[PDB]
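Visitor: Structure, please.
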Amino acid sequence: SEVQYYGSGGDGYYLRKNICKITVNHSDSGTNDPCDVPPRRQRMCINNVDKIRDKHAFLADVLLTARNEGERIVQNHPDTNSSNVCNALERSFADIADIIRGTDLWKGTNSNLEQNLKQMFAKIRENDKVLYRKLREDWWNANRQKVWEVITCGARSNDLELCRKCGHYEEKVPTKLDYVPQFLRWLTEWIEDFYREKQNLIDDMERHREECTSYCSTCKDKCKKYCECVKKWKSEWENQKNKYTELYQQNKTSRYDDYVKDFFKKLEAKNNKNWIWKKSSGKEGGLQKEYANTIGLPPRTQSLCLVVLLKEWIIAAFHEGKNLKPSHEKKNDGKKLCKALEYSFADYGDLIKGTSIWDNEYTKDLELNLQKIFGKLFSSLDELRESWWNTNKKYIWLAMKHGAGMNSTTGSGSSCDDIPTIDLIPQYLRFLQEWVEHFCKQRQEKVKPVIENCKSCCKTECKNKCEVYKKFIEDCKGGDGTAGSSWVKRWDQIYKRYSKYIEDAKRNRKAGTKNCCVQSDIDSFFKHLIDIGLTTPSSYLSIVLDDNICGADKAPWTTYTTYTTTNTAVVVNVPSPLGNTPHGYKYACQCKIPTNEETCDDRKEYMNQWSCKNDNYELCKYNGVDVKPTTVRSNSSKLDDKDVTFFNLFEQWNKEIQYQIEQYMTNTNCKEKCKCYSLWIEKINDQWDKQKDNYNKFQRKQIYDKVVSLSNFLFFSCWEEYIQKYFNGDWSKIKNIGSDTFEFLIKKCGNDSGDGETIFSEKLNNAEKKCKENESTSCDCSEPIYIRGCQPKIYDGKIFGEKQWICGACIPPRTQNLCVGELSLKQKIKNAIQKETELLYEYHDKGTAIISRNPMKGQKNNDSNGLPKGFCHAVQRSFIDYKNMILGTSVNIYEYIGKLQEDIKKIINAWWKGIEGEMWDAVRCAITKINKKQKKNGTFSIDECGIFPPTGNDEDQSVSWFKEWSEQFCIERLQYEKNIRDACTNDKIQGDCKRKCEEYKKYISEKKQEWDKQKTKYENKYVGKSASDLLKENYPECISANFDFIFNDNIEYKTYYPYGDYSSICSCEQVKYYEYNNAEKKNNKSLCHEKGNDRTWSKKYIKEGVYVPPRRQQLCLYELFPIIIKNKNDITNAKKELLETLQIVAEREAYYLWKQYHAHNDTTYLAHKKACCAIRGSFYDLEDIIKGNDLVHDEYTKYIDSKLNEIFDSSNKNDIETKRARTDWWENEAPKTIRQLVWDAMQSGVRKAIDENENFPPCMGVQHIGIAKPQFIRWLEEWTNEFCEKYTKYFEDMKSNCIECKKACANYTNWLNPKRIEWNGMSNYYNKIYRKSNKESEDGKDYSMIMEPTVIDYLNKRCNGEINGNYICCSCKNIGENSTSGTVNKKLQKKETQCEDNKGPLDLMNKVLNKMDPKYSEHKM
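Guide: Numbers count the residues shown, from 1 in each chain. Please see the structure below:
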């Protein structure tokens, strides 16, 4: 039952949990009808053959009909009593059951349903293999068991065994058995209805008569009408009795008829509570069935006075309140009594409103009495109770505080709070606060003795109470509460229940709050909490509590702490108040030394997860993974034994330490930082010494029975790391390497010989000096007359013939001309540089229209010191050019200047440094003279643009010229963008816009060629870094530009977007998405590349321990970018263009994704499901990008997010409110929403991919899907699925091919080497925010729905089955040994020695090839 998945209705497999949450698109029905003296003749339900596959779909259809009828009758409520609601519900339940081939007594076209059901059972093969009416009895039993829990999930008033629902919802058995004949069931329904009508109408008539004061004539007329209808009812009853006698004489369906005749024959013939935490039974106190194993009841609620005309009822409430006052007066005898009154006030409110969550033995009778009283005295009953509570809580609160004389409405009997005392909170949170307050009281009384005799001053005086506090929390004893169970289990139950309410409020109600404020229901309060960010219980407790009632040390509720001690030891991670010791009292009540090594260990600062008198070997085992024997260790026919494990451990140790050194020296209170950094430096140095000793012992053992040395192995590792990072295929030939790349490889880590030990030594020295440096942190000459030799330079302007880029790497124009007319040389060069500097300053002052983003006036951008813009950079590059001129470094210049360089070298390096310092002093003196003759506004020589000189490690010739090129390109692009937007904003292009766009297109074409040459040269020189990131950080001019799109090298870029990021502005057309039903002119205009599997994971472009998947780095963000930069501060018209682009982008992404996973080789159920999940993941990524909850900031996504903020309200509106507005825009329309439109566009692309002669898949018929999880979680799931799939592929390939085992081991080792670090990063990030939220996590994202102890337990229960393709799409067969699978301890035992025996010769030849490469490089000259 309900096992069918992906049904013809459109959706499936959502059932088996939250079963009554069924829409029309779940059964294989012909028509999706919502089902909008027979009393049900008008419309009961009309939903109910050749299309149905199995009986499960028909059962789902009947489940849908019952749910629709249940919702319809609940929302209708024809009767105003609201007490006998479920009686009509079960009557409709019996009626719908009788429709399925029963006593169909409805006059009319009753044969249509009968014939349809007959063909239905015919298709089901009622004449089954096992012998005919067994199907009807079996399905009726299945019907009676199943649909009762679905139809009854709407109404929750009462049912007269279980209550608080129409029978039950989780009891799993029916309450009442309605085996009565439908012929007389209608008679029983009507006569029962007429009884209640008679008692109501006679009372209404009496009320009208006494309220009146010629109404006597009306009274008589009603009396005769009542007599007339009573006579009709008696006559009808007599006729029905005559029919009964006729049928009885006639006697004198098999089972149903026999039962009916059998029934016809029978008719003819107080105490202190202890915080009860258990579920509520029939007649015992306890939490409700929906509240089973939830927050318990305090003693106050169970010992209330209630447990022990409108004017009459309100006086009764006053008397109840007045009696309740002495109960709290004697039970509590200041602040303790006031809170008790407030909770009792709120508990009374929820009891009156009908939202009690405890339901004692007398609660059901009291609720029924309240329903009858308000039914007799007075939209909806629940709204009436809420209105009564709001308008009478004013007097009830005063009544409870010594209510004897009710005045019209401090000095009264209490001074708790004001008159209203607003406490409109759900009862679950109030019970949670009361339990936490009671726990805080117990914690404070236990912690007070500890602090008083453990104040850093211990043999036995302090540890005894520390053990008592540890014993008090670590069991179900010592403190009151939790109902005889550990505190951690109840806290976990509270966290699970709070998360469930957060999920239910977030998904069940699309828009609950902001309907008028809040709607004052259960979902609105949780919606408000989610908006605030208090989605975790710890955040809620911290904000609401005073933070001082417990601990006496300001112990936060958000600082989670974990303890291992509890025969078996289980790690328990809980908040700070739930701890074995007080906050900061870990290893402190023992009164020991600070232990700074472990002191920084608990802080998670520079963690090193390594644990390195014969002294044969050292373990150096990794934490968590346990060292095991090789299992193939042999002494005969084996080169080595018990050394492969050390080799793998040393290799993994080397990789992790190198990654840690790179991350710690490139990334980064400072005194304690470098203390722990110094401890880490000492630790790795000890590890390196131990590894050196073991590797030496390994070498001697190998020589005893030719292995490569430590330097040879380290040189191979750098080469291998380089190949995997960039080559990514481990190609045999490596001759295709540039000279710049080869020099970088020979200079970075390894020289021609092997110097790996020097590599580690220099890395340690570099780390130490960075640690040391981080912790540690006259001129009077005047010769103005001598000005002759050079003239103003040929600048790129016309004021009254401009130097062009002659483009080795490139040659800028200003470098081509310098004030070098003179070219003993010290004075000449000093005068030349000074003359050039003042001349450059003069042109930048007046000619400030080339490299300064400002008008002809300028200086209104401008430097903070008041100097001209773009003056520091030009001066610095001029000095760099002069430095390389005199020094003679690598320069891309022809023979014009080479003669001068040879002359300078022939005429003549501490002297050069002294010369450079002299020129710096001369430039400083010249700048001061310029300041002197410029009225001496302020004192400044070199602090304008940084006191220190340019000492970049990178070459200052090619990089600086590349910086100059991009700055000129970026400034000119902004000017051209301004000119276009001022001249082409007001349709076709025939005026002053074609010339501007055409000039821009030529300009982009020229700079594209220069960009390709410069980018290629930079990549050959610097392969580790990129070009776009360098330009963006140095120059904030072109934050809006993207070199990938503007200088895109594809062939379709010159057709669909030929104008380079301003096609939309220069075209002035309108975009549109041609759907499947639209015109034949489909939207096949895109720059999407064909997806490839060669791409790998990388952590670049992320604002730690998170890696971007290959799928996310290949999504099409090309079509959005011209439209994004088109609109600026425009939300009205940009809504249409953004939506149309998103549909086009989503359609293309699904089309290419399906072609990737079905590229003529994988046409199977698993391939379809994998493509289905990839399309879903892309949809979630697009949703998170639009919602602004994205982690990675690429070139496209960064500006898309920035412009999305700008398109919405400006800085007056808060960024969080802008984020909410974007979320609301994506969710709702402000026909269908953008979420469904994008999903339908993705479906339409899949139809095109399928039609390119295949059937449609099953896992794309889902009209709606569940809300996305956090982004990191989906990336982790994709990583696990790819890890398990690739692991299975390589292992099965290795087992069969192990005479080709060398290749299998090589691919296995190369693929598994980075995955271990990726697993460590993923696991560290998962543990960091495992149960965090917006105000607890480092990022403002919701993670309260995870609630997992560790990442390995989370992969369980999600990747432990088949590829469903809708919710779960990961499968694995190594769920247990996941951390060990990253290593090679257990899963690679049988093929352990073979891989090293193959890798040894591989290492030897690779080092031999890498040794001969520099020899061929040197011999080529």
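Visitor: hey, where'd the helices end up in the stretch 751-900 of the chain?
Guide: For the stretch 751-900 of the chain, the helices defined by DSSP state H, counting those that start in this stretch cover 756-776, 813-816, 825-846, 871-887, 895-907.
Visitor: Ok, which of the ones you listed comes nearest residue 1270?
Guide: Closest of those to residue 1270 is helix 756-776, at 34.3 Å (criterion: CB to CB). C-beta: built from backbone N, CA, C; applies to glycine.
Visitor: and for that closest one, what are the contacting residues?
Guide: Residues outside helix 756-776 that contact it (CB atoms under 8 Å, 6 or more residues apart in numbering): 658, 661, 664-665, 668, 670-671, 673-674, 677-678, 681, 684-685, 688, 692, 710-715, 717-718, 749-750.
Visitor: Please repeat the previous calculation with a cut-off of 10 Å.
Guide: Helix 756-776 is contacted from outside by 654, 657-658, 660-662, 664-666, 668, 670-671, 673-675, 677-678, 680-681, 684-685, 688, 691-692, 709-718, 748-751, 755, using CB atoms under 10 Å, 6 or more residues apart in numbering.
Visitor: Of these, which count as buried by neighbour count?
Guide: The neighbour count (16 or more other CB atoms under 10 Å) marks 654, 657-658, 660-661, 664, 673-675, 677, 680-681, 684, 688, 691, 710-718, 749-750, 755 as buried among those.
Visitor: Which ones among these map onto helices?
Guide: Of these, the ones assigned to helices by DSSP state H are 654, 657-658, 660-661, 664, 673-675, 677, 680-681, 684, 688, 691, 710-718.
Visitor: on that earlier part again, what would the helices of the stretch 751-900 of the chain look like in CSV with distance to residue 1268?
Guide: Below are the helices of the stretch 751-900 of the chain laid out as CSV (distance: least, CB to CB, whole Å):
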stretch, distance to residue 1268
helix 756-776, 41
helix 813-816, 52
helix 825-846, 53
helix 871-887, 45
helix 895-907, 61
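Visitor: Of those helices, which is nearest residue 998?
Guide: Per CB to CB, nearest to residue 998 of the helices of the stretch 751-900 of the chain: helix 813-816, 23.9 Å.
Visitor: Contacts for that closest one, please.
Guide: With contact meaning CB under 10 Å, 6+ apart, helix 813-816 is reached by 793-796, 802-806, 840, 850-851, 874, 877-878, 880-881, 885, 891, 893, 896-897, 957, 960-961, 964, 968.
Visitor: ok, 7 Å please
Guide: 793, 796, 803-805, 874, 881 (CB atoms under 7 Å, 6 or more residues apart in numbering).
Visitor: Next: stretch 790-797.
Guide: Applying CB under 7 Å, 6+ apart, the contact partners of stretch 790-797 are 801-803, 813-814, 817, 819, 821, 835, 839, 843, 847, 849-850.
Visitor: now do stretch 153-171
Guide: Stretch 153-171 has contacts (CB under 7 Å, 6+ apart) with 20, 70-71, 74, 82-83, 85-86, 89, 148-149, 152, 174-176, 282, 288-289, 359, 364, 367-368.
Visitor: Any buried residues in it, and which?
Guide: Quick answer for stretch 153-171 (16+ other CB under 10 Å): 153-159, 162-169.
Visitor: Can you get me the start-to-end distance on it?
Guide: With CA to CA, to the nearest Å as the measure, stretch 153-171 spans 12 Å from end to end.
Visitor: so who does residue 344 touch?
Guide: Listed by CB under 7 Å, 6+ apart, the contact set of residue 344 reads 300, 304, 324, 328.
Visitor: hey, where'd the strands end up in the stretch 451-600 of the chain?
Guide: With strands called from DSSP state E, counting those that start in this stretch, the stretch 451-600 of the chain shows them at 561-563, 572-574.
Visitor: Pick the most buried one from those strands.
Guide: strand 572-574 (a mean of 19; mean count of other CB atoms under 10 Å).
Visitor: Not counting that strand itself, show me its contacts.
Guide: Contact with strand 572-574 is made by 488, 491, 560-563, 1349, as judged by CB under 7 Å, 6+ apart.
Visitor: can you check stretch 1099-1118 too?
Guide: Contacts with stretch 1099-1118, where a contact means CB under 7 Å, 6+ apart, come from 1045, 1086-1088, 1091, 1095-1098, 1145, 1148-1149, 1174, 1177-1178, 1181, 1191-1194, 1196-1197, 1272, 1275, 1278, 1318, 1321-1322, 1324-1325.
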